[PDB]
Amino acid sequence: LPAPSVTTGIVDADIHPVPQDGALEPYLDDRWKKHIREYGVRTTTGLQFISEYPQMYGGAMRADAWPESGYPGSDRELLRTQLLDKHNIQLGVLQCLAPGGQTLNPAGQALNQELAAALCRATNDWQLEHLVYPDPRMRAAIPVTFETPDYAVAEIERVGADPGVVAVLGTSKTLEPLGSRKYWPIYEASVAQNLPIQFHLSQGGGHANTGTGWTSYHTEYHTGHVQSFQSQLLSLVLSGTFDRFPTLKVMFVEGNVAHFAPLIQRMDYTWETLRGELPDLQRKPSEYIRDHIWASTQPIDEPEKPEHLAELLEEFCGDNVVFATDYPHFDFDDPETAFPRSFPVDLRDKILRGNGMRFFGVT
């Protein structure tokens, strides 16, 4: 399969396909089809079928993205006409959120981690055969079990060299922060395969959805997702993880962008006084951003003053900002309308093209 190529089209780093009902079973051991029939997919909830914050309005989906049967993002043809053709996307990164039907929770977050790995492998054989290979404008970010690094490595070693795989997919929430040594075997296998890592928006993880209690209302819930990415950025950087894997690239998918810029700026300011606690950190904390930390744009930050968007993105790092549609979720972003009318064209072109090509290794 040919290496991806981006010329006059664009990069979309966050697309959510769902398998049709029963679509993963060709790739499932009989033990796990049986387990799911009798047990479902237990996770860090007390709930049989839904996550602990179920989606508020119509499943958080675009009203116009529902195929003639099934869930949105479950129609292969609808995804190529309505998203890939419609916007000339020449690199679309699939981020399979769920096996669909039974559950929308991420496959890697099943409490049974052998089942988790089963579901991740099934998602990976599926998306590669059912979308990537029939339409290689699509490439897969492969979901793996970050909470069992053994199994994550096995799966990166199995698929990770595939030309239809562009990234490794974990979640924004985890049992321990992402710079912890627990996850280093995964970073090592990723690096070994020359694969960047994408962490997407998620519930679960094992701890509450904020560092100080579970949220009540939907604004708290949905705004609250940025907090997890703020904690993971600081962990990943301040752990020295990027001293250990100096070629590792990490992208934060759907955690917004602008908040990272005063996070980093607070990280450096504090570090100026307290760096002695961390005498082996080889660089100033913000010096890791350009080589290691990227962010998807959706949902676009909407400052009260439109000119603050460009400013804040530059303060994060203007090279490390990558367009994403989040097709087909409700707060979907369109490449023509997402950026404010005063937005510098040069920033905008490279958010659409050059920045994703770099992060994903397209040259």
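Start at 1 and count along the sequence shown; that's the residue number. Basically, rigid core = biggest C-alpha set you can superpose within 1.5 Å across the two forms.
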| item | value |
| --- | --- |
| Core-aligned Cα RMS comparison in 4 other deposited structures of this protein - stretch that moves more, 271 to 279 or 72 to 80 | 72 to 80 |
| Higher C-alpha RMS shift from the shown form in 4 other deposited structures of this protein - 222 to 230 or 92 to 100, rigid core fit | 92 to 100 |
| Other entries lacking residue 64, at least a third | yes |
| Of 93 to 101 and 249 to 257, the one with larger mean CA B-factor | 93 to 101 |
| Mean C-alpha temperature factor, higher of 182 to 190 and 103 to 111 | 103 to 111 |
| Selection by C-alpha B-factor (highest) of 137, 292, 225, 173 | 137 |
| Of the residues 333, 29, 302, 315, the one carrying the largest Cα B-factor as recorded | 333 |
| Chain thirds of CA B-factor: placement of residue 49 | lowest |
| Where the record places residue 43 (Cα B-factor, split into thirds across the chain) | lowest |
| Lowest, middle or highest third - CA B-factor, residue 151 | middle |
| Third of the chain's Cα B-factor distribution that residue 279 belongs to, per the entry | middle |
| Ranked C-alpha temperature factor of residue 160 among modelled chain residues, by third | middle |
